[PDB]
Amino acid sequence: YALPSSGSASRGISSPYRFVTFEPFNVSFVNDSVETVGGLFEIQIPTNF
Amino acid sequence: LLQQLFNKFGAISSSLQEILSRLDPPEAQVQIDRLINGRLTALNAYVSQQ
Amino acid sequence: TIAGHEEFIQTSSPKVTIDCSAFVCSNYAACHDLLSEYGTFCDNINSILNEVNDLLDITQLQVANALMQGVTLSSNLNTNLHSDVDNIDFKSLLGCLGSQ
Amino acid sequence: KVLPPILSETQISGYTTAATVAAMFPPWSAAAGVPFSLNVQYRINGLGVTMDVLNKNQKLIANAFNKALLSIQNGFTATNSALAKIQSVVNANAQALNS
Amino acid sequence: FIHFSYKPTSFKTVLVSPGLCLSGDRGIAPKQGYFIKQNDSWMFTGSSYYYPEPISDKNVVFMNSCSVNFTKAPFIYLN
Ligand SMILES: *[C@@H]1O[C@H](CO)[C@@H](O)[C@H](O)[C@H]1NC(C)=O
Ligand SMILES: *[C@@H]1O[C@H](CO)[C@@H](O)[C@H](O)[C@H]1NC(C)=O
Ligand SMILES: *[C@@H]1O[C@H](CO)[C@@H](O)[C@H](O)[C@H]1NC(C)=O
Ligand SMILES: *[C@@H]1O[C@H](CO)[C@@H](O)[C@H](O)[C@H]1NC(C)=O
């Protein structure tokens, strides 16, 4: 449920109910490679905690 | 569970005093037995849930 | 050598709902008037089956949460290209994943 | 009536796909930090096996790994106990609703 | 119940090796960490924090063979 608010004041004929996809869980993604680059793999190591 | 003491269960009243003060004693047991069966069925269902 | 064997564990069941008065007194108003003095008998049946279906939903979300706690993936993965490591075959275990 | 569950079965397919691929590629999370056959060697090492022969019989170990997986795949034939345990669930539900 | 947990707040991308094949057909693997390359020296870092350090015999496990995809280190007979 999300009504058209006063700033987002709509001028048409639409319902405030929206039928969406329920997706409760994810994976975090990294921008790295899956194969070894020059014998060495890429990895992400914390540097503060 | 408390709201089951005001159901009729097929009898003419849920009050035992009105059944015992408006009918003949051989004609009252038939109405009292319906209340007894309904209340015991309610208690058995509660005990199963617990 | 290395021996393999599988087990199965069941974690849910079908979610049965019952409309109580349509099972007891399907369409006839004499039956509905007679059933309306048993009172909260259909409401208890509905509430018990509703709480059972709630428990089924909670266990399904817990199984889905446990498989996903702390898994970080490469955003350049592609199961059509990467289904194999160290000459051990993972084609039969993976579904679809990647970006296409 | 029988209501559908709140998640699809393709969503739980995606969750088992992610948990299987988490132990095959960097950063090897379900493999617990280290690469896959590294982790297999460390596992067989902790039972009483020398790391020499695990470095020496590596492709035989991986061949037996593939063979075990394939025989698992080709064994859903009328006497699998897992299939009996799946069919018991369905037959039990159908019998209760018909009765 | 109150549960306390480790939680990173910043990351850095590094290149790691999981093991070294040393001179005389020996091998070393790290313990709870990775072999990195700092200033053209093989170093060891922990796997939950970035801190390179000397490769001692408290950061490694020794093997009298080596696996076929270890990284080559002839200069390493170090501490
Ligand atoms: C992934 O799902 C998580 C669930 O907590 C949500 O917080 C996050 O916004 C989602 N990310 C994307 C990219 O959809
Ligand atoms: C990060 O991702 C973007 C696109 O998502 C890509 O163009 C870029 O090369 C990536 N960076 C690295 C270091 O791989
Ligand atoms: C970690 O972050 C906090 C706040 O951002 C900062 O005060 C602290 O110095 C950081 N640690 C290091 C080692 O830089
Ligand atoms: C060793 O690494 C090479 C190159 O990355 C690869 O082709 C090969 O499959 C690997 N073998 C093993 C046993 O890890």
Side-chain angles (χ1 to χ4, degrees), chain A residues 20-38 40-49, chain C residues 11 57-86 88 90-91 93-100, chain D residues 5-40 42, chain E residues 1-18 30 32-36 45-52:
Chain A
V20 291
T21 293
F22 175 53
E23 184 44 86
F25 303 109
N26 254 322
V27 282
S28 2
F29 292 97
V30 292
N31 201 9
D32 299 351
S33 313
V34 327
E35 83 296 307
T36 122
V37 174
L40 297 211
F41 305 94
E42 254 170 317
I43 216 182
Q44 225 111 312
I45 293 193
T47 60
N48 212 3
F49 67 97
Chain C
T11 53
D57 300 359
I58 261 135
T59 60
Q60 216 209 23
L61 274 174
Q62 284 169 358
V63 174
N65 155 265
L67 293 162
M68 301 302 272
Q69 189 83 51
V71 31
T72 320
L73 289 197
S74 161
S75 46
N76 285 283
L77 259 182
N78 233 271
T79 46
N80 310 118
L81 286 318
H82 312 322
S83 66
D84 199 58
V85 266
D86 310 331
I88 292 181
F90 285 78
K91 243 184 300 176
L93 310 183
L94 297 203
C96 238
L97 194 133
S99 52
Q100 45 128 345
Chain D
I6 59 161
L7 262 19
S8 342
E9 211 78 275
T10 48
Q11 300 186 348
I12 323 290
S13 302
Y15 299 157
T16 62
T17 296
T20 316
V21 91
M24 298 159 61
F25 303 117
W28 316 275
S29 236
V34 304
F36 179 72
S37 158
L38 269 288
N39 204 80
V40 180
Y42 299 166
Chain E
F1 298 85
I2 301 179
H3 302 323
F4 294 91
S5 91
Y6 185 79
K7 193 222 147 174
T9 38
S10 308
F11 288 97
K12 201 180 178 303
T13 341
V14 300
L15 268 84
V16 300
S17 190
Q32 221 73 15
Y34 300 100
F35 285 143
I36 57 170
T45 197
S47 45
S48 306
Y49 201 99
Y50 185 58
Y51 199 67

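Naming convention: chains lettered A, B, ... in sequence-line order (proteins, then strands); numbering from 1 in each chain. Hydrogens, waters and symmetry mates play no part in the numbers below; they use all other heavy atoms, side chains included.
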Please report the shortest heavy-atom distance between [X] and [Y], naming the atom on each side.
X     : Y     : answer
C/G70 : D/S29 : O-OG, 3.6 Å
E/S47 : A/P46 : O-CD, 4.4 Å
C/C96 : C/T79 : CA-OG1, 4.0 Å

Contact list for residues 9-18 of chain E, test salt bridge (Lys or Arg N to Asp or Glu O under 4.0 Å), sequence neighbours left out: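 Pairs touching residues 9-18 of chain E that pass the test: none.
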Enter the distance from [X]:[atom1] to [Y]:[atom2] here, rounded to the nearest 0.5 Å.
X     : Y     : atom1 : atom2 : result
A/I45 : E/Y50 : CD1   : OH    : 7.5 Å
E/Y34 : E/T45 : OH    : OG1   : 10.5 Å
E/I36 : A/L40 : CD1   : CG    : 10.5 Å
C/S83 : C/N78 : OG    : CG    : 10.5 Å

Side-chain donor or acceptor of C/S75 paired with backbone N/O of A/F29 under 3.5 Å: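 Not confirmed, C/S75 side chain does not pair with A/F29 backbone.
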Any donor-acceptor pair under 3.5 Å from E/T9 side chain to A/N48 backbone: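 Yes; judged by distance alone, with no hydrogens or angles, the pair exists.
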Please list, chain by chain and in numerical order, all residues satisfying side chain to side chain contact (heavy atoms under 4.5 Å, CB included) with [X], sequence neighbours excluded.
X     : answer
A/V34 : C/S74, C/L77, C/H82, D/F25
D/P35 : D/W28, D/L38, E/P18
A/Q44 : A/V30, A/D32, E/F11, E/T13
C/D86 : D/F36, D/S37

Can you find a pair of side-chain heavy atoms, one from [X] and one from [Y], that are under 4.5 Å apart?
X     : Y     : value
C/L61 : A/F25 : yes
C/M68 : A/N26 : no
C/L93 : C/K91 : no

Results of ring pair (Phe, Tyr, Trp, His ring centres under 6.0 Å) for E/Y6 - residues two or more places apart only: A/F49
Under 3.5 Å, which donor-acceptor pairs link side chains of residues 10-22 of chain D to any protein atom two or more places apart or in another chain?
{"residue": "D/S13", "atom": "OG", "partner": "D/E9", "partner atom": "O", "Å": "2.7"}
{"residue": "D/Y15", "atom": "OH", "partner": "A/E23", "partner atom": "OE2", "Å": "2.8"}
{"residue": "D/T16", "atom": "OG1", "partner": "D/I12", "partner atom": "O", "Å": "3.3"}
{"residue": "D/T16", "atom": "OG1", "partner": "D/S13", "partner atom": "O", "Å": "3.0"}
{"residue": "D/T17", "atom": "OG1", "partner": "C/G95", "partner atom": "N", "Å": "3.0"}
{"residue": "D/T17", "atom": "OG1", "partner": "D/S13", "partner atom": "O", "Å": "2.9"}
{"residue": "D/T20", "atom": "OG1", "partner": "D/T16", "partner atom": "O", "Å": "2.5"}

side-chain hydrogen bond (donor to acceptor under 3.5 Å, both in side chains) partners of C/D84, counting only residues at least two apart: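 Partners of C/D84 under the side-chain hydrogen bond (donor to acceptor under 3.5 Å, both in side chains) test: none.
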Test side-chain hydrogen bond (donor to acceptor under 3.5 Å, both in side chains) applied to D/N39 - qualifying residues, sequence neighbours left out: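 With sequence neighbours excluded, D/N39 shows a side-chain hydrogen bond (donor to acceptor under 3.5 Å, both in side chains) to no residue whatsoever.
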Atom CD of E/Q32 with >12 non-hydrogen neighbours under 6.0 angstrom: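 Check fails, neighbour count at 12 or below.
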